[PDB]
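Residues in the sequence shown are numbered from 292 upward in steps of one, following the authors' numbering.
Cβ atoms here follow ideal geometry from the backbone N, Cα and C, with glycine treated the same way.
Notes follow once the structure below has been shown.
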Amino acid sequence: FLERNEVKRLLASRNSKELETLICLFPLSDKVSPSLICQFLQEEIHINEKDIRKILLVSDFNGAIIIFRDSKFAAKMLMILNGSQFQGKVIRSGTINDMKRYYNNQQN
């Protein structure tokens, strides 16, 4: 598709207005892959075309880039939703850099 183009452009995006109205969800375990992500997103986050400006699956550091409707909720939800327990692991989130950190934690 055309997700990878934006996952890359978003990875590098310098606009912090973006990283505020968006974050990379990191609850994707070794038992939870890209498709399952979205299901689970609409499943728990109630994500749709309304609350989500756009959603892309980030499977090279198991994350999910999500822009809810506003910066206040993206970070606020990050804090209230994450730090949870799912699939026998603790699920957490951050943005593009924090996901890269978590990635290290994943690959190592």
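From the DSSP output, read off the bridge partner residues of residue i.
i      : result
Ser362 : In DSSP, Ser362 forms no bridge with anything.
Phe317 : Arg383
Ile338 : DSSP output for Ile338 lists no bridge partner at all.
What three-state label does DSSP hand residue i in the structure shown?
i      : result
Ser307 : coil
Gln378 : coil
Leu347 : strand
Restricting to Cα atoms, I'd like to know which of the options is closest to residue i.
i      : options                        : result
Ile387 : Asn296, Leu313, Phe292, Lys363 : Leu313
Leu372 : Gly385, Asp389, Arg300, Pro325 : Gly385
Hey, how far is the Cα of residue i from the Cα of residue j?
i      : j      : result
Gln398 : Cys315 : 17 Å
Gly374 : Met368 : 11 Å
Mind checking which residues open and close the alpha helix (DSSP H) that includes residue i?
i      : result
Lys391 : 387-398
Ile328 : 325-331
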